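Contents: one structure, followed by commentary.
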Amino acid sequence: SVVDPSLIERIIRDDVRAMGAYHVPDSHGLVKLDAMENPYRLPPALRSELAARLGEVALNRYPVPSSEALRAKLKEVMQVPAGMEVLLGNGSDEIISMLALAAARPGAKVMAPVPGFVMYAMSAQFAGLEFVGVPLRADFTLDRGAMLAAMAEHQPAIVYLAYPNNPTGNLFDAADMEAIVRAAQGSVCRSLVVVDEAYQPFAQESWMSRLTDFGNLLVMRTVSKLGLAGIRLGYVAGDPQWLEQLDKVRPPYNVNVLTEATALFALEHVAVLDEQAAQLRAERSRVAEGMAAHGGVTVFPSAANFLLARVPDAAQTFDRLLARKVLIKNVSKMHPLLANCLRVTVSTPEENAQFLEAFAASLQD
Amino acid sequence: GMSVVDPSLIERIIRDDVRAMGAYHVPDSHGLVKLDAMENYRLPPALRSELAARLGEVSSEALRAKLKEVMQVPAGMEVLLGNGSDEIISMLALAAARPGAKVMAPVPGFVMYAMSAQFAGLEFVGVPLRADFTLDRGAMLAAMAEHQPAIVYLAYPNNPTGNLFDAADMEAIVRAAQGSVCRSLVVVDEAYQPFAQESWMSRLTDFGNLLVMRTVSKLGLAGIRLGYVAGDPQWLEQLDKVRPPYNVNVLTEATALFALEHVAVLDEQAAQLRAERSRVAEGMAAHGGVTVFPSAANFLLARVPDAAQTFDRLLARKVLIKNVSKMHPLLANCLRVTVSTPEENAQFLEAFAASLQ
């Protein structure tokens, strides 16, 4: 090796080098419950129908998925209110970046609760805008007064609210959020408020209908990738006066055809996707109950496909789980309020049962 | 009111220049011969069904191993996978997005070097190429000395100019970025390099601040090409920390593996490109006032008397090429034309000839 390690130290962000193995190698029997992903596969009948449709779209056998058709289907399926426009993207990150870029005015700031979605290189993930993180309460609830005070002091351009939040899992108090949306219209500050529902499972309480009630609100979501890897379709709904501006800063590339065809298929099989969501809800409860039954464990409330839990010793529990071929996410070092916290992704019944046993054993000192 | 948009709030939040821009209107390319994009198809029946089978049935390890084998990634170097060169360029910008971190590239260059920097909130330093689009070593080194960039992109060959920069100049740049002039990661972007050409891959052994970026052919299928970056694990282990889980679609990977297992087909693609690119270049250069610039890529850059007029006339004749005229002073009156199938190339040269009269 002819690498100069001091050059790597100089070029790569300290927070990127600080992080440990974001991806660990796929060994024999390793159960991964560390990533934002849905382990559930479709029924064989739907799997082969999707494989057929994507294969045909790949080989130019089936027709091109029209963006106008995909947007129209989203509006219908997602009950986008009358008068509101939908804008498509390559995942939620592109849409967040487009938003930040559209608002990249001299001195523009982005404000979001912390610990929150963008856990590293925040300003970088918000087109160079200054990031202002407002701590959530110790129990991860949104601190209305703290948000309002920071809003008054800092005068942000954009307020981002993850609904549910990553890594904490919780849906913030709806009243507190409405107060924030109204405050940002002028009385406290002047901001676009973006409710990010990217970690929200299908057929759940959405802010989509609140687009009718607030002129400074945008609601962003994603469509399932249906276990084929790749890029989830991202989308943002809101008033044409906001979206028409946002669409001018799109990167020099469109949304790829497989993502569009896959998202279309997802939208056309909502009954099946509702079934998965229900099965995951039942499994999340069993996993939460199992973890919660132990001494010194706090399982925090969750509306997501993952659970955050505080344990006596996260570093120790992580290693002991990995020693039993179970990989979860240690979020302990990402923020002071996440001290001794692990984030477990809800998986299949078989994998959940393996996690629960390994978790129970790892906690014994 | 509470429920209605405040147009002064739009004015306060959204950039003045974005509001001044016209709306994004998606143009229909229906009925047009499209020679404005970075695409090559022509796959035979037997392979098309074999590929169809593979995609019907559908391991990143297996793909990563086959990439290293076929592309002869040097011993000790690893590969990181992504969605085209685009995702890799974005990941690099994010991983290197420290305060004051600058991205540098010779200009005119691929729009994503500057764009990736803008999206990551990083300054971009364009260093002009010479009027003939050759790399200016002296300019590059002075720029590096002055600005101290974090990343330097050296395309091989360059988009939209098509040419391969001087190898000695490039090596000088890579070595200067090790500490003598500045301290930068130098990425050789081989995304536009056809198969079976001179590559920087083997030089990963010689330079510790070098990464080599490439794509695999998608065999003319619709969608994304597999993109990958080869280099030392100490670099790639850090870049892997911003790679999203399951970032690449299984069909993208399947097609990439199918292509890496049918190298002879990639060789035949390369051979047909050499022939057709010579044909198109000659046909264009025959016209008075037309300068075709040298290329080792899937497209040709040409300067015409009036690019706006030639573009409109070609479009009126149902042929779409890329008007890069306004994208850099050095591209004044330049059009970038993608080399395609014999039939499409014939239609282009027919339309091009009629549009110049």
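No Cβ is skipped: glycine too gets one built from the backbone with ideal geometry, and neighbour counts run over all protein chains shown. The values are calculated or read from the model by the stated rules, or taken from the named source; no laboratory read-out is quoted.
Checking each residue in region A:321-365 for being surrounded by fewer than 18 Cβ atoms within 10 Å (Cβ to Cβ) and within 15 Å of A:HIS294 (Cβ to Cβ) picks out A:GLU357, A:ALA360, A:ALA361, A:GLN364, A:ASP365.
Regarding A:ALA184, is this residue in contact with a helix residue (DSSP H, G or I) (Cβ under 9 Å, 6 or more places away or on another chain), buried (at least 24 other Cβ atoms within 10 Å of the Cβ) and among the hydrophobic types (A, V, I, L, M, F, W, C)? Judged against the criteria, A:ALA184 is a match.
Report, by residue number, each residue of region A:350-365 that is of a type in the set (A, V, I, L, M) and either in contact with a helix residue (DSSP H, G or I) (Cβ under 8 Å, 6 or more places away or on another chain) or farther than 20 Å from A:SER285 by Cα (or both).
Residues satisfying the conditions are A:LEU356, A:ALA358, A:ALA360, A:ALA361, A:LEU363.
Of the residues examined, B:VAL319 is not one that is more than 24 Å from the chain's Cα centre (by Cα), of a type in the set (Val, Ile, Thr) and at negative phi.
Of all residues in region B:275-282, none are farther than 25 Å from B:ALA222 by Cβ, of a type in the set (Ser, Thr, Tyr) and crowded, with 19+ Cβ neighbours inside 10 Å.
When region A:228-257 is filtered for residues that are under 22 Å from A:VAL194 (Cβ atoms) and outside any helix (DSSP H, G or I), the ones remaining, listed by number, are A:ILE231, A:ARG232, A:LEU233, A:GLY234, A:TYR235, A:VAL236, A:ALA237, A:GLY238, A:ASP239, A:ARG250, A:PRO251, A:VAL255.
Can you say whether A:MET111 is within 10 Å of chain B (Cβ to nearest Cβ) and touching a helix residue (DSSP H, G or I) at 6+ places or on another chain (Cβ under 9 Å), as far as the supplied structure shows?
It is false that A:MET111 is within 10 Å of chain B (Cβ to nearest Cβ) and touching a helix residue (DSSP H, G or I) at 6+ places or on another chain (Cβ under 9 Å).
For region B:320-337, the set of residues classified as within 11 Å of B:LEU301 (Cβ to Cβ) and assigned to a strand (DSSP E or B) consists of B:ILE321, B:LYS322, B:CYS334, B:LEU335, B:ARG336, B:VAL337, listed by residue number.
Given the residues A:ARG41, A:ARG61, A:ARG105, which is the only one that is outside any strand (DSSP E or B) and either within 25 Å of the chain's Cα centre (by Cα) or more than 10 Å from chain B (Cβ to nearest Cβ) (or both)? Quick ask: steps written out before the conclusion?
Working: A:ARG61 fails: either within 25 Å of the chain's Cα centre (by Cα) or more than 10 Å from chain B (Cβ to nearest Cβ) (or both); A:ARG105 fails: either within 25 Å of the chain's Cα centre (by Cα) or more than 10 Å from chain B (Cβ to nearest Cβ) (or both).
Answer to the selection: A:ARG41.
In contact with a strand residue (DSSP E or B) (Cβ under 8 Å, 6 or more places away or on another chain), assigned to a helix (DSSP H, G or I) and within 12 Å of another protein chain (Cβ to nearest Cβ): does that describe B:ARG54? Here the answer is no, as B:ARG54 does not meet what is asked. When you look at A:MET119, is it in contact with a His (Cβ under 9 Å, 6 or more places away or on another chain), surrounded by fewer than 19 Cβ atoms within 10 Å (Cβ to Cβ) and assigned by CATH to the domain that holds A:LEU233, yes or no? So A:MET119 passes the test.
Of everything listed in (1) facing another protein chain (nearest Cβ under 10 Å); (2) surrounded by 13 or more Cβ atoms within 10 Å (Cβ to Cβ); (3) in contact with a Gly (Cβ under 9 Å, 6 or more places away or on another chain), the single unmet condition for B:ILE10 is (3). Total residues in region B:183-213 satisfying the condition of being outside any loop (DSSP other than H, G, I, E, B) and more than 13 Å from chain A (Cβ to nearest Cβ): the figure is 6. Considering (1) at the interface with chain B (Cβ under 10 Å from one of its Cβ atoms); (2) under 24 Å from A:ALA184 (Cβ atoms), the lone condition that A:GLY83 does not fulfil carries the number (1).
The residues of region A:58-77 that are under 28 Å from B:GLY56 (Cβ atoms) and in contact with a strand residue (DSSP E or B) (Cβ under 8 Å, 6 or more places away or on another chain), listed by number, are A:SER67, A:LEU70.
Within 22 Å of A:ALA229 (Cα to Cα) and more than 11 Å from chain A (Cβ to nearest Cβ): does that describe B:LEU67? Against the criterion (within 22 Å of A:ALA229 (Cα to Cα) and more than 11 Å from chain A (Cβ to nearest Cβ)), B:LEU67 qualifies.
The sole residue among B:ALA139, B:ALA114 that is under 16 Å from B:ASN159 (Cβ atoms) and assigned to a helix (DSSP H, G or I) is B:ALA114.
Being of a type in the set (A, V, I, L, M) and under 16 Å from A:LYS73 (Cα atoms) is the filter here, so list the residues in region A:221-249 that pass it. Hits for region A:221-249 are A:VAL223, A:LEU233, A:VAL236, A:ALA237.
Of everything in region A:258-310, what is closer than 18 Å to A:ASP34 by Cα, outside any helix (DSSP H, G or I) and of a type in the set (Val, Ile, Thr)? Give them in sequence order. Passing the criteria: only A:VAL299. Of note, A:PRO301 does not satisfy the criterion of being under 30 Å from B:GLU87 (Cα atoms) and surrounded by fewer than 21 Cβ atoms within 10 Å (Cβ to Cβ). None of B:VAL18, B:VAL26 is in a loop (DSSP other than H, G, I, E, B) and of a type in the set (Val, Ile, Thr) except B:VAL26.
Among the residues of region B:117-132, the one identified as more than 9 Å from every other protein chain (Cβ to nearest Cβ) and assigned to a helix (DSSP H, G or I) is B:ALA117.
Being of a type in the set (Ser, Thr, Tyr) and touching a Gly at 6+ places or on another chain (Cβ under 8 Å): is that true of B:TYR41 here? Here the answer is yes, as B:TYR41 does meet what is asked.
Considering only residues in region A:215-224 that are farther than 26 Å from B:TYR246 by Cα and either in contact with a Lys or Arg (Cβ under 7 Å, 6 or more places away or on another chain) or surrounded by fewer than 24 Cβ atoms within 10 Å (Cβ to Cβ) (or both), the one that is nearest to the other protein chains (Cβ to nearest Cβ) turns out to be A:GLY215. Criterion applied to B:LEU80, B:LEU94, B:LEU67 was being surrounded by 17 or more Cβ atoms within 10 Å (Cβ to Cβ), not charged (D, E, K, R) and not in a helix (DSSP H, G or I), and the one residue passing it is B:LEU80. When the residues of region B:225-266 are filtered to those that are of a type in the set (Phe, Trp, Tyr) and surrounded by 21 or more Cβ atoms within 10 Å (Cβ to Cβ), the one that is nearest to the other protein chains (Cβ to nearest Cβ) is B:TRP235. Considering each residue of region A:273-282 in turn, none proves to be farther than 21 Å from A:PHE117 by Cβ and touching a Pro at 6+ places or on another chain (Cβ under 6 Å).
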